[PDB]
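>
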Amino acid sequence: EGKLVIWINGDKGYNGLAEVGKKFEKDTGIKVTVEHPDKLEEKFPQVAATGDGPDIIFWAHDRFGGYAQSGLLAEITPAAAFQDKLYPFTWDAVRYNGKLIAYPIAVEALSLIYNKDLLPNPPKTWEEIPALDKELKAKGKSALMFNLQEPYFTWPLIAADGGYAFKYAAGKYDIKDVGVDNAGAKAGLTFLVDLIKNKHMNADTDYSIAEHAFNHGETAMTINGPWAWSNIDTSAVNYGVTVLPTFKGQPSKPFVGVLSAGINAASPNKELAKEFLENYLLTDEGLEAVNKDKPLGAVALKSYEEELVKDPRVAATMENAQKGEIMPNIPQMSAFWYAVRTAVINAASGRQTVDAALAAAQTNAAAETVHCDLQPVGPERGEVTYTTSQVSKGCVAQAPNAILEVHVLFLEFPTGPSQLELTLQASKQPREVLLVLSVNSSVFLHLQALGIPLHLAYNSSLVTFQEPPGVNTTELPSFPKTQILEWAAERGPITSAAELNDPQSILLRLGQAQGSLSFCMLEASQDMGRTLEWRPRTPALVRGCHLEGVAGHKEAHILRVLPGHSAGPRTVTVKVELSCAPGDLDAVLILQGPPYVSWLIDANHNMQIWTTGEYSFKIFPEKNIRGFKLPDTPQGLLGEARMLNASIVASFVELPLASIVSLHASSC
Amino acid sequence: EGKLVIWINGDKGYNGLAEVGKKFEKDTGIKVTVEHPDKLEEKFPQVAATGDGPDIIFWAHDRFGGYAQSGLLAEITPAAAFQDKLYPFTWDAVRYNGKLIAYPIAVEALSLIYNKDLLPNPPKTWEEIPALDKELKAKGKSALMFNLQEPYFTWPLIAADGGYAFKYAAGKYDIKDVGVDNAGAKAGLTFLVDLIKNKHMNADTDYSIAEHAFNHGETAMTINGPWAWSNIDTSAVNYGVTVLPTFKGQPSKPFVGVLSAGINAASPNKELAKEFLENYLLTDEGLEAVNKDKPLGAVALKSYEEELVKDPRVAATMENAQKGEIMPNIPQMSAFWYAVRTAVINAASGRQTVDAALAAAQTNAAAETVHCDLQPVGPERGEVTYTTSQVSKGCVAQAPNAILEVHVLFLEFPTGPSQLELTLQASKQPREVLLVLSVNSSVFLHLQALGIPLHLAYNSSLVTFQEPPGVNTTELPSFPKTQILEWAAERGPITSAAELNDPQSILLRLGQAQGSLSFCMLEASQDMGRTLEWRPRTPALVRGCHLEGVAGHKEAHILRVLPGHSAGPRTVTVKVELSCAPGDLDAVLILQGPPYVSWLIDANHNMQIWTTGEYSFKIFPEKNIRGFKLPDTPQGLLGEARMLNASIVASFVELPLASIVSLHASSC
Amino acid sequence: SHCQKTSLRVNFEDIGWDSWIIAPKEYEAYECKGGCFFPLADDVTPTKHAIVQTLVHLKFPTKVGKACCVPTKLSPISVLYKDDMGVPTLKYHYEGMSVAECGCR
Amino acid sequence: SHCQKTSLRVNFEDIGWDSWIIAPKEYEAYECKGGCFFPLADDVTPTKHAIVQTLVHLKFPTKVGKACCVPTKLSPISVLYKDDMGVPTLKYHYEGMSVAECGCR
Ligand SMILES: OC[C@H]1O[C@H](O[C@H]2[C@H](O)[C@@H](O)[C@@H](O)O[C@@H]2CO)[C@H](O)[C@@H](O)[C@@H]1O
Ligand SMILES: OC[C@H]1O[C@H](O[C@H]2[C@H](O)[C@@H](O)[C@@H](O)O[C@@H]2CO)[C@H](O)[C@@H](O)[C@@H]1O
Ligand SMILES: *[C@@H]1O[C@H](CO)[C@@H](O)[C@H](O)[C@H]1NC(C)=O
Ligand SMILES: *[C@@H]1O[C@H](CO)[C@@H](O)[C@H](O)[C@H]1NC(C)=O
Ligand SMILES: *[C@@H]1O[C@H](CO)[C@@H](O)[C@H](O)[C@H]1NC(C)=O
Ligand SMILES: *[C@@H]1O[C@H](CO)[C@@H](O)[C@H](O)[C@H]1NC(C)=O
């Protein structure tokens, strides 16, 4: 049996996708869990770089470039026939540096959705909207309302009068040539700031606000993609979808997105992911299901698209798309978007001027250029093990006066019989404890519970103990995870809970409840503190690269701790073992972490050190040493390695707050 | 084709042996040269240790022990059938330390040969000989005459009354227990000295004198072996052969010899030697021929002996033999014989007293005991090359007023096509020269004659020149070597001549005639001086051994120059090259030579030095160093190596006067 | 006064090395103290050139000097080097800083 | 007075070695002469313990001694040794008799 975790924006047809996952489940017996976290595009890289991540991610192509740039996405190898089943330029959208990284699913382009009843004649130009808003305000309504918090809905104007993100030419993008501070952009954004200043729109309008406004007939117009059409269909609004207005006599040029599906490089189910995506998702019936849940606009599948074009709404999406510009997939897109967002917000709220916000956007957009392409490193080349307190999902709570405390652990391992070492540490002093464990694969378990009045709850068929106990055991019912939590709570309060993926060892300390929290509420990337400390089976996928234009042979090993969710200053231990290392080896260690991380180093040869915060060693342990300010991004750290005259990055890894880490090296 | 050089005492049937060599020649085409040098038993070891020697030697067994003791005799491996064809105790005579060294040919024992006409009743006791001598001296004759210069003819009395050489017991000889100074010996020798003192015999009587005396009827008795019987048969003497008289009522105990044939270890024709000896010499017809030439007494062949016993003379030889004692074959026999000889002579001439001469004989007899058994060393273990001025046979003479000078060179190589480098050096100044060369095997020759009005004489069919000359060449006639010398002399005086065996290179200098000698007369082991200097192809057979009872690993390399025939003081150069020698190697170099030999050493590692005369090196060449007195015998030098705490003798070699020597070592 | 190893505590600031040696502050840098006078001891394992020079000195003290007591073997120490470019170069065995054995040469 | 190699002719009789060194009579046994004062030259390749000790000495000349100019590498010579048993033991490379390079230690 197997599993497929998927991420997709909450505004898309994730239910239909889930149904496709049900067909895939019945056929292959491989369960599919579709989820829609908040800001999943910004969350994915962070977790994927730790080994924990969805098997598949769904998002516009603009981000996949960055993702794979950090070696976070496996290469897609579809047969030429299958590639012929989809349109080329979509593959081009997912192709970056010559490799197909994702499966193009759909095409997305913003369209003007107007209320036919309120506005039978939508405006052809932006310049007339103010007048219309005046009239409709005399009728007790508003002209237009759309999300102003995300710059994706404002770019069509900005680029309408000539704005552009990165000057493209000779098959490649020029990152140092940005067109946000040019005339057209300043003109468009000036027009928007004039709309808000004249109270034709409220600077705080967001997606939900606009959708509610138009769907309830409070505003006569809105700007949205195919997905929103379903929500309008449920509403009593008689809506029309048409081209966007012209600014300064020029058509609005929206950024055309390509909903694509990328495979997590850390996923062991790569084969199965290929199975689902290709053979189930990109078939007529699959895209039929998803589009039934939420319209995908123009799909990348030629057949089903041939059927969808007949929808005049899709046709409009294609007109607006043809008039616009496909988004670049380069990594810098992230920074660009961030900058633009800051600009728009600061200009709409009145914090900054148009010229100022857009100048600053011209400087901030392009930045942290890439220095190399990170590629996975084989185990025999590099190896990492570590012990951390963080968990995929976690909560820690206190139970005053509770005669019985409950602990729940959700474990997930590859499709095979695993081995696990679990040890429960007794607290200082009679409280009886309940341990509910759930697993998605067979497991051989080494349980160690000393002096603990313990009770158990688990699968008698999936779990096999080396030292089994007879009495005080309970068969785990077949419920969803949440219902498992509630069911466990029906016996006693839950003091702690965590979802681990492929753990090697687990240490659970009782009575170590941190702070004052009375209810356990699962939080992604939660810090378990002194409660739980586990060693995962599979570490983050080792990565490395070669820094071009750098003379000599100098090895660079980089370690970057991820944000730690508000904890006191910690000491991270680090052991290094460079096997088959030349007598006089010129290497460097780069330790990046939050400001509250001090480093404790232990190595066996001569090498460079470069850290944040402060660092100490086993030799002369006292007399800590002040660190330096290091770049925060992966490409920033790689660039610092280049500054360190490092020609090769032998190792690159990113972990969360972890007490101990050990690294072994090779490549002789 | 091939060759077989043989040595045998001049008093034996070497002519019949030569005839057997003629049959062997016709059958196998392998010429046989039988020779009878003077003191060939003492000469053989000296030459054989240099590679030059007869293919086969004939002598009593008493010496073969010493010979093989120096590793000079190859092991005999006759089939058990053939061994059954001869009597065992003969094989025992030739067996030494477990190896069959020679082929037993005949049995020799002294017998009393009396003139029946002069003495119809030979005496039964020694004590009556004086009276008989008085009577016969009244008749103008003498009673007895026999060789007094060799102790072999006097031992029968000495041992008659209990004398013995080495006390034998427990299957082995005790060298430190000698019976020459005992009562019986002193009694016998006293009796002899009384015979000479009373003028019954002349102290100067030798073999020839006695044989002449008896054969011409001047004396009535003599003591001789079977060989002499032939010479009596030619004489008009009517002789009888009977047992020897009794001394002090005890029978005379002669030393029974075993005429045996040993194979020179340095001979390449070992196979052919085995052929001749076994299949031709030890057959009925062969022993028939030799015995026809000179009686062999009792032969070792059972058949032919069965026919010879019927000769009453042989029967007498067997009675005297049974009454006597077989000679020990041990090496010490040589020293013993020497001592005894000195004693007898000094006691007969009146120089020493019986008690004194025989006491001194008791001390001198046993001496220079063996320290190890020398065995041939393979080339890959050790290698020697050298350049010498000595030759198997040689002469150098001067030619006053001679318009043409002659040079003759007799060359002999194994049965194969050889290569030779010959260079004639012109003298300072118009004399024309003649070069006569003879060869027993095909040869490819590199002749170098610059500014020499030279003429040639050789085999057009056997010699092949790399640079042949057309005119002034002569075909060499088919003559014996001596007739070749005379024939060459018929054209001009011979200034120099030499017989070389398997030469690699030859240098002949004209006008370098040494001293004042007008006639060239070949002398064995002649010193050619500045005239000739040649590098032999095959060196002396390398030898070594392990010194028992010596702790540690210390290598001993020994070099011993042979006597040099009256020359001025010379400097011998020595180069050493120890390949695959440990960093810190404990070795020693033993350089033995005449008093007129200074040494010049050249080596590449750290080692010990032990020399005679004086020695110098390349480093700090001046400031010669006085040597020490070293033992003269091979066993003496080996014993000195034992004194040097040497546990192994890696190399052992003996060469004649040679200017340069080079040694390469192995065994890692 | 036979040659032997003695203690010598060193401070990197006093020698002006605190700039490119950040760690440690002080360390043990044993010196070789004592006279080299024949007969020379078995543990010193004096070189024969030292023996010779000592005897020649004894013969001509004004024309030839004595043998000297110096380190014959050195050991490494872990230090933190500083490059001109400005990187914290840790050398885990920065050789030739402490004396292991003394002898006369 | 930088440390450097200088000439030193030795006689085996004067040092009492003529008994078990028969050859040669005299030989060249270069000595190391000159002062060790910082800054130390590139050719001397002074050990850092020498540099340190020189600086400490400069700071405390009465409490700590200077670095010493000694041989850092020796070469062999061919000699004729004499064993107690009495054999002429030639050593073709009797090591450690002549100076090859000098340095401060
Ligand atoms: O606004 C920043 C955001 O723009 C794009 O996101 C779009 C996405 O393409 C659409 O499919 C839909 O989800 O609306 C999003 C905006 O709310 C970029 O794809 C994304 O990288 C960027 O953050
Ligand atoms: O006299 C010393 C001599 O004795 C023996 O020689 C004998 C030999 O055995 C006989 O065959 C015959 O040749 O007479 C010889 C004496 O003239 C020993 O064999 C020999 O070693 C020794 O020198
Ligand atoms: C368990 O879930 C993991 C994580 O998605 C998956 O890789 C694995 O195949 C699953 N195993 C089983 C037996 O369902
Ligand atoms: C594991 O537990 C689930 C839920 O209780 C159950 O349906 C399943 O059958 C169990 N495993 C096996 C092999 O039965
Ligand atoms: C030449 O004589 C040598 C010496 O006896 C012998 O070994 C060789 O076989 C002979 N060769 C020929 C061709 O007669
Ligand atoms: C070598 O010379 C001899 C004597 O002159 C002669 O009999 C013989 O035939 C010659 N060799 C050959 C191969 O003819």
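Residue numbers (the deposited numbering), protein chains in the order written: chain A, 59 to 487, 492 to 730; chain A', 59 to 487, 492 to 730; chain B, 6 to 110; chain B', 6 to 110. A prime marks a further copy of an entry chain. Positions of the beta carbon are idealized from the N, C-alpha and C atoms, including for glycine.
1) Taking only beta-carbon positions, decide if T59(B') is within less than 8 Å of chain A'.
2) Could you have a look at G246(A') and say whether DSSP puts it in helix, strand or coil?
3) In or out: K84(A') buried (at least 16 other Cβ within 10 Å) or exposed?
4) Consider the Cβ of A34(B'): report whether some Cβ of chain A' lies at a distance smaller than 8 Å.
5) So, is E494(A) buried or exposed, given that buried needs 16 or more other C-beta atoms within 10 angstroms?
6) Relative to chain B', which residues along the segment 92-108 of chain B have a C-beta separation below 9 Å, given in chain order?
7) Buried or exposed: where does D47(B) fall if 16 or more other Cβ atoms within 10 Å of its Cβ makes it buried?
8) Rounded to whole angstroms, what is the Cα-Cα separation between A323(A) and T108(A)?
9) Can you tell me whether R121(A') is buried or exposed, with buried defined as 16 or more other CB within 10 angstroms of its CB?
10) Using a Cβ-Cβ cut-off of less than 9 Å, list which residues of the segment 148-177 of chain A' approach chain B'; keep chain order.
11) Within 7 Å: the Cβ of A160(A') and any heavy atom of ligand 2?
12) Select from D235(A'), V236(A'), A245(A') and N205(A') the residue whose C-alpha is nearest the C-alpha of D219(A').
13) Would you kindly check if the distance between the Cβ of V238(A) and the Cβ of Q420(A) is under 8 Å?
14) From which residue to which residue does the alpha helix (DSSP H) around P146(A) run?
15) Do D85(A') and ligand 5 come close, with the Cβ less than 7 Å from some heavy atom?
16) List the residues of chain B that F682(A) touches, going by C-beta distances under 7 Å, in chain order.
17) Where do the ends of the alpha helix (DSSP H) carrying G79(A) lie?
18) List the endpoints of the continuous beta strand (DSSP E) containing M90(B').
19) Which class does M376(A) belong to by DSSP, given the choice of helix, strand or coil?
20) Quick one, which residues of the segment 296-326 of chain A are near chain B if we go by CB-CB under 8 Å, in chain order?
21) Classify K87(B) as buried or exposed, calling it buried when 16 or more other Cβ atoms lie within 10 Å of its own Cβ.
22) Could you give the first and the last residue of the continuous beta strand (DSSP E) run that contains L317(A)?
23) Taking the DSSP output, what are the residues bridged to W596(A')?
24) Going by the DSSP bridge assignment, what does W661(A') pair with across the sheet?
25) Does the distance between the C-beta of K61(A) and the nearest non-hydrogen atom of ligand 3 fall short of 7 Å?
26) Please write down, chain order preserved, every residue whose beta carbon lies under 6 Å from a heavy atom of ligand 6.
27) Where does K101(A) fall in DSSP's three states?
28) Assign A374(A') to one of two classes, buried (16 or more other C-beta atoms within 10 Å of its C-beta) or exposed (fewer than that).
29) In terms of residue numbering, what span does the alpha helix (DSSP H) encompassing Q483(A') cover?
30) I403(A') by DSSP, collapsed to three states: which one?
31) Taking only beta-carbon atoms, is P76(B) less than 8 Å away from chain B'?
32) Any idea if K486(A) is buried or exposed, counting beta-carbon neighbours within 10 angstroms, 16 or more meaning buried?
33) So, do the segment 154-163 of chain A' and the segment 334-350 of chain A' have three or more beta carbon pairs nearer to each other than 8 Å?
34) CB-CB under 6 Å to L572(A), same chain, minus the five flanking residues each way: which ones, in chain order?
35) Report yes or no: do the segment 391-408 of chain A and the segment 208-217 of chain A share at least 3 C-beta pairs separated by less than 8 Å?
36) Using a threshold of 8 Å, state whether the C-beta atoms of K143(A') and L359(A') are closer than that.
Here's the rundown:
1) In the fourth sequence, residue 59(B') corresponds to position 54, counting from 1. Taking Cβ atoms only, chain A' never reaches closer than 8 Å to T59(B'), which makes this a no.
2) One-based indexing of the second sequence puts residue 246(A') at position 188. Note: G246(A') maps to helix in three-state DSSP.
3) Position 26 of the second sequence, counted from the first residue, corresponds to residue 84(A'). The residue is exposed, with fewer than 16 neighbouring Cβ atoms inside 10 Å.
4) In the fourth sequence, the residue the question calls residue 34(B') occupies position 29. No, because no Cβ of chain A' sits closer than 8 Å to the Cβ of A34(B').
5) For this step, residue 494(A) is matched to residue 432 along the first sequence. When all chains shown are included, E494(A) counts as exposed.
6) Cβ contacts with chain B' come from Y99, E100, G101, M102, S103 and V104.
7) Locating residue 47(B) in the third sequence gives position 42, counting from the first residue. Only exposed fits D47(B), as fewer than 16 other CB atoms lie within 10 angstroms of its CB.
8) Taking the first residue of the first sequence as 1, we reach residue 323(A) at position 265. Taking the first residue of the first sequence as 1, we reach residue 108(A) at position 50. The alpha-carbon atoms of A323(A) and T108(A) are separated by roughly 11 Å.
9) Position 63 of the second sequence, counted from the first residue, corresponds to residue 121(A'). So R121(A') counts as buried.
10) Flagged: no residues at all.
11) Within the second sequence, numbered from 1, the residue matching residue 160(A') stands at position 102. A160(A') Cβ: outside cutoff for every heavy atom of ligand 2.
12) Start at 1 with the first residue of the second sequence, and residue 219(A') comes out as number 161. Cα-wise, what sits closest to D219(A') is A245(A').
13) Here residue 420(A) refers to the residue found at position 362 of the first sequence. Here residue 238(A) refers to the residue found at position 180 of the first sequence. Contact: yes.
14) Here residue 146(A) is taken as the residue at index 88 of the first sequence, counted from 1. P146 to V152 is the span of the alpha helix (DSSP H), which, as asked, contains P146(A).
15) For the purposes of this step, residue 85(A') is taken as the residue at position 27 of the second sequence. Relative to ligand 5, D85(A') has its C-beta separated by 7 Å or more from all heavy atoms.
16) Residue 682(A) sits at position 620 when you count from the first residue of the first sequence. Those are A28 and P29, listed as they occur along chain B.
17) Numbered from 1 along the first sequence, position 21 holds the residue referred to as residue 79(A). Per DSSP, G79(A) belongs to the alpha helix (DSSP H) from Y72 to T86.
18) Mapped onto the fourth sequence, residue 90(B') falls at position 85. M90(B'): not part of any beta strand (DSSP E); DSSP gives it neither H nor E.
19) For this step, residue 376(A) is matched to residue 318 along the first sequence. Three-state DSSP puts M376(A) in a helix.
20) Answer in chain order: no residues at all.
21) Counted from its first residue, the third sequence places residue 87(B) at position 82. Around the C-beta of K87(B), fewer than 16 other C-beta atoms lie within 10 Å, and the residue is accordingly described as exposed.
22) Taking the first sequence and counting its residues from 1, one reaches residue 317(A) at position 259. Where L317(A) is concerned, the enclosing beta strand (DSSP E) starts and stops at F313 to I321.
23) Position 534 of the second sequence, counted from the first residue, corresponds to residue 596(A'). Paired residues: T446(A') and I568(A').
24) Within the second sequence, numbered from 1, the residue matching residue 661(A') stands at position 599. Beta-bridge partners of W661(A') (DSSP): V634(A') and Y677(A').
25) The count along the first sequence starts at 1 and reaches residue 61(A) at position 3. The answer is yes for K61(A).
26) Residue list for ligand 6: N521(A'), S523(A'), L524(A'), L538(A'), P539(A') and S540(A') (CB closer than 6 Å to any heavy atom, chain order).
27) Taking the first sequence and counting its residues from 1, one reaches residue 101(A) at position 43. Residue state, collapsed to three classes: helix.
28) Within the second sequence, residue 374(A') is the residue found at index 316, counting from 1. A374(A') is classed as buried because its beta carbon has at least 16 other beta carbons within 10 Å across all chains shown.
29) Start at 1 with the first residue of the second sequence, and residue 483(A') comes out as number 425. It is not in any alpha helix (DSSP H) - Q483(A') instead sits in the beta strand (DSSP E) that spans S476 to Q483.
30) Here residue 403(A') refers to the residue found at position 345 when the second sequence is read from its first residue. In the three-state scheme derived from DSSP, where H, G and I count as helix and E and B as strand, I403(A') is classed as helix.
31) Translated into positions along the third sequence, residue 76(B) becomes position 71. Judged by the 8 Å Cβ criterion, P76(B) is in contact with chain B'.
32) Looking up residue 486(A) in the first sequence gives position 428. With fewer than 16 Cβ atoms within 10 Å of its Cβ, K486(A) is classed as exposed.
33) Yes: at least three Cβ pairs fall under 8 Å.
34) Counted from its first residue, the first sequence places residue 572(A) at position 510. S485.
35) The segment 391-408 of chain A vs the segment 208-217 of chain A: in contact.
36) For the purposes of this step, residue 143(A') is taken as the residue at position 85 of the second sequence. For the purposes of this step, residue 359(A') is taken as the residue at position 301 of the second sequence. In this structure, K143(A') places its C-beta atom within 8 Å of the C-beta atom of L359(A').
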